[PDB]
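Novice: Got a sequence here, can you build the structure:
(chains A and B, ligands or ions: 3)
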Amino acid sequence: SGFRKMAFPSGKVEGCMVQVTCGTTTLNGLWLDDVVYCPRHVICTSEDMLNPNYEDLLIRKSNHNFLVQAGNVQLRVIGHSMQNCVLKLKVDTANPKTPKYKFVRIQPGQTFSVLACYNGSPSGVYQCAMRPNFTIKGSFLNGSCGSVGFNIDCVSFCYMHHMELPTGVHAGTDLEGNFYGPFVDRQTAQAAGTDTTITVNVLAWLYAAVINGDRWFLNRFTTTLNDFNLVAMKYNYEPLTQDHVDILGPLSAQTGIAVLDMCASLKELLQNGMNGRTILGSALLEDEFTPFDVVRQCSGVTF
Amino acid sequence: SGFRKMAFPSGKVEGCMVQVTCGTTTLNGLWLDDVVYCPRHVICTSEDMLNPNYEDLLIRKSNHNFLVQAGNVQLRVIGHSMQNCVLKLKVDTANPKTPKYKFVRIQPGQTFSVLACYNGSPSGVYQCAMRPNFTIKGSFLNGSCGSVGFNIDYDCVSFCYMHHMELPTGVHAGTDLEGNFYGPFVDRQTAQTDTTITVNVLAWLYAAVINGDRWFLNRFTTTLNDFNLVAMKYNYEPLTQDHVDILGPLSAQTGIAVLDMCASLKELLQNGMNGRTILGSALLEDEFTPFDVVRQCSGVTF
Ligand SMILES: *[C@H](O)[C@H](Cc1ccc[nH]c1=O)NC(=O)[C@H](CC1CCCCC1)NC(=O)c1cc2ccccc2[nH]1
Ligand SMILES: *[C@H](O)[C@H](Cc1ccc[nH]c1=O)NC(=O)[C@H](CC1CCCCC1)NC(=O)c1cc2ccccc2[nH]1
Ligand code: NA
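Specialist: Numbering: from 1, shown residues only, chains lettered A, B, ... in the order given. Ligands and ions are numbered 1, 2, ... in the order given. Structure as follows:
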């Protein structure tokens, strides 16, 4: 019993982290097979950062301009190319620690683990969700760029870190270099959209609470999907779809609480508040656990 | 910026986890050099459990009764002994992934990362505190026994917890790696008050300030004695001068004296948060030490 924000074990990703230096800038790279992936902004001088023309700047670089270090070993760069906002440095050695891996672009609400790194070395691991506004609420300092987010299914990499937006939230790309959200890699203040609560995840966590015997909030009513969403909207919650209802099905079967019944209990929590009570030790409704995250933790799924 | 409950990178510990089966019981072991450490209750049967005579039960086991699996390799057990509540299975192969390590016994209020494992395989990692009542508020299912807690400093893993049991309230109990339980608990089948870690709450308020969440700051100061009068009423541990000293680094970094911050905590205790949050929480958080805050906010690596 118990319910914690649980990250994936990080060892498989630790073995892939390297340091990449261009000029005055050092950040992290991801070494898989004979390629090192990192943010393309590594190539900017401080002046370049204001309005970079990355294609032009890259033409001026040579392979030797990229200093890639795996621990105490310098890797020899033999080619360089850019894919969207990610730089791909071909090296003459394949990483012997490369796990089975894939690159995935995740949807809002999906969670992942971040291995925060500086100078190619790990600082810590924590669980993040992709917010509906395409930011993540991470813990990233200058130097952390190139740190990645991942799931273990095969390691599925979904996020590479590029920048910190004005609200102290974080923005980055998938491993094909496409930003999540409308953001661009230029040194200017960029506003995130208004964020919302990930409803399907709140429902998942209420199921985790029931599994753990914390069930005071269960009421005796039901609701339709439409009537639930009419309330959700008023409290800045995302719409719940029928696909979400189906995804929550196995948790509904395990607990005996139909999804629409759980929605009626959530509706009451939204309308009346929690009145000083906690659920799974929290005084707020938690939205950074997906339905799979709940099953993973409550059933002991391993890797 | 940003502040998260961040666990240590777990790779060095993952390379030490093995599966240990005795009879019908499977749990995890920690393989360092040529010894596998695991809870001694692995040797109990369902009848053995009310008052197990572990010395006798261990004598009656063969090395052959312990099936130790490191991935897809069975390790040959060549000896079995016990140190307090930990079983030590000597194996004929030294773990080539053994990190630099120490066994440490931590104090209440200190934190560590747990690598939760099942069948010798890592499932997840999370940070938690040793409570003042010597339990941990973990996430552990049947089969997780032998999972460990640890801290890292540079290249050295300090193992501090091995998991043995879940108490009726759903919190968790275990030993150090010398086999001594934290708290009054015992490894037998029988039925077996906490406080808030004030210095950690203060550390986390400093973390909030460092990360720009400043609304709860006020212009007032308090004496240590006046603060503790309030603290005690809310079931907070007394703040000692030693605690004030340990908050020195964070006080210097923010420019906010400890007794200034204490007045902000006093107001939060007496008046609540008025619908606001601090670092995303609607409760005061006590599972970050002063060192944890400095580590995370300065980007310390391993
Ligand atoms: C990469 O290591 C670093 C990550 C970082 C820095 C500071 C705080 N948290 C962090 O995670 N990223 C930057 O420093 C980044 C570099 C810049 C990105 C666009 C292309 C050119 C290089 N810059 C920012 O994150 C940044 C710039 C800026 C300007 C106005 C407001 C906010 C802001 N954030
Ligand atoms: C070891 O893998 C397992 C850990 C566990 C089990 C269930 C839930 N969460 C967990 O972390 N430990 C046990 O199953 C343990 C065995 C027992 C330890 C003392 C010596 C003899 C063997 N039993 C418990 O943790 C346990 C039994 C029990 C009965 C009533 C209420 C609570 C309770 N906890
Ligand atoms: Na104050």
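Novice: quick one: contacts for the residue of the stretch 151-300 of chain A found nearest ligand 3?
Specialist: Nearest to ligand 3 in the stretch 151-300 of chain A, going by C-beta to the ion, is residue A:168, at a distance of 22.7 Å. For every residue, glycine as well, the C-beta is placed using N, CA and C. Counting by C-beta atoms under 8 Å, 6 or more residues apart in numbering or on different chains, residue A:168 touches B:1, B:2, B:211, B:212.
Novice: Over to the closest residue to it other than its chain neighbours. Which of the three states is it?
Specialist: Leaving aside its sequence neighbours, residue A:168 sits nearest to residue B:1 (C-beta to C-beta, 6 or more residues apart in numbering or on different chains; 4.4 Å). Recorded secondary structure, residue B:1: coil (DSSP: H, G, I helix; E, B strand; the rest coil).
Novice: OK, contacts around residue A:221?
Specialist: Neighbouring residues of residue A:221 by C-beta under 8 Å, 6+ apart: A:261, A:264, A:265, A:268.
Novice: tell me which parts of the stretch 51-200 of chain A are close to ligand 1?
Specialist: Contacts of the stretch 51-200 of chain A with ligand 1, taken as C-beta under 6 Å from any ligand atom, map to A:140-145, A:162-164, A:166, A:185-189.
Novice: Domain map for chain A?
Specialist: For chain A, CATH domains of a matching chain gives the domain ranges A:1-14+A:100-195, A:15-99, A:196-299.
Novice: Can you tell me which of those domains is most buried?
Specialist: Most buried of the domains of chain A, by mean neighbour count (mean count of other C-beta atoms under 10 Å in any protein chain shown): domain A:1-14+A:100-195, with a mean of 20.
Novice: in the stretch 101-250 of chain A, what residue is nearest ligand 2?
Specialist: Ligand 2 sits closest to residue A:212 of the stretch 101-250 of chain A, with a gap of 11.4 Å, by C-beta to the nearest ligand atom.
Novice: Run through the residues that contact that residue.
Specialist: By C-beta under 8 Å, 6+ apart, the contact set of residue A:212 is A:1, A:2, A:3, A:280, A:298, B:170.
Novice: wait, the third one sits on residue A:208?
Specialist: Translated: residue A:3. Yes - using C-beta atoms under 8 Å, residue A:3 is in contact with residue A:208, at 5.3 Å.
Novice: shared neighbours of those two, which are they?
Specialist: Joint contacts of residue A:3 and residue A:208 (C-beta under 8 Å, 6+ apart) are A:280, A:297, A:298.
Novice: was I right about residue A:42 contacting residue A:22?
Specialist: Yes - contact criterion C-beta under 8 Å: residue A:42 and residue A:22 qualify, at 4.7 Å.
Novice: what's the overlap in contacts for the two?
Specialist: In contact with both residue A:42 and residue A:22: residue A:66, using C-beta under 8 Å, 6+ apart.
Novice: wait, what's in contact with residue A:240?
Specialist: Taking C-beta under 8 Å, 6+ apart as the test, what residue A:240 contacts is A:199, A:200, A:203, A:225, A:228, A:229, A:232, A:263.
Novice: Pretty sure the second one sits against residue A:249.
Specialist: No - when contacts are counted by C-beta under 8 Å, residue A:200 is not listed as touching residue A:249 (11.9 Å).
Novice: now the residue of chain A found nearest chain B: how far from ligand 3?
Specialist: Residue of chain A nearest chain B, by C-beta to the nearest C-beta: residue A:11 (3.0 Å). For residue A:11, the distance to ligand 3 equals 43 Å [C-beta to the ion, to the nearest Å].
Novice: Which residue would be the closest one in the stretch 1-150 of chain A to ligand 1?
Specialist: The nearest approach of the stretch 1-150 of chain A to ligand 1 comes at residue A:145, 2.8 Å away (C-beta to the nearest ligand atom).
Novice: can I assume that residue is in contact with residue A:30?
Specialist: No - using C-beta under 8 Å, residue A:145 is not in contact with residue A:30, being 11.5 Å away.
Novice: Quick check: neighbours shared by these two?
Specialist: In contact with both residue A:145 and residue A:30: residue A:38, using C-beta under 8 Å, 6+ apart.
Novice: Phi first, then psi, for the most far-flung residue of chain A relative to its centre.
Specialist: Distance from the centre of chain A peaks at residue A:220, with 36.0 Å (C-alpha atoms, centre = their mean). With angles defined as degrees, to the nearest 10, residue A:220 sits at phi -100, psi 20.
Novice: Report the contact partners of residue A:38.
Specialist: A:20, A:27, A:28, A:29, A:30, A:86, A:87, A:89, A:145, A:146, A:160.
Novice: change it to 6 Å
Specialist: Shown in contact with residue A:38 (C-beta atoms under 6 Å, 6 or more residues apart in numbering or on different chains): A:20, A:29, A:87, A:146.
Novice: Who is it paired with across the strands?
Specialist: Counting by DSSP bridges, residue A:38 is bridged to residue A:87.
Novice: circling back to that earlier point, Serialize the contacts of residue A:240 to a markdown table and add fields for distance to ligand 2.
Specialist: Below are the contacts of residue A:240 laid out as a markdown table (distance: C-beta to the nearest ligand atom, whole Å):
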| residue | distance to ligand 2 |
| --- | --- |
| A:199 | 30 |
| A:200 | 28 |
| A:203 | 25 |
| A:225 | 36 |
| A:228 | 34 |
| A:229 | 38 |
| A:232 | 35 |
| A:263 | 30 |
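Novice: hang on, the earlier thing: does the residue of the stretch 1-150 of chain A closest to ligand 1 touch residue A:160 like I think?
Specialist: No - between residue A:145 and residue A:160 there is no contact under C-beta atoms under 6 Å: 8.1 Å.
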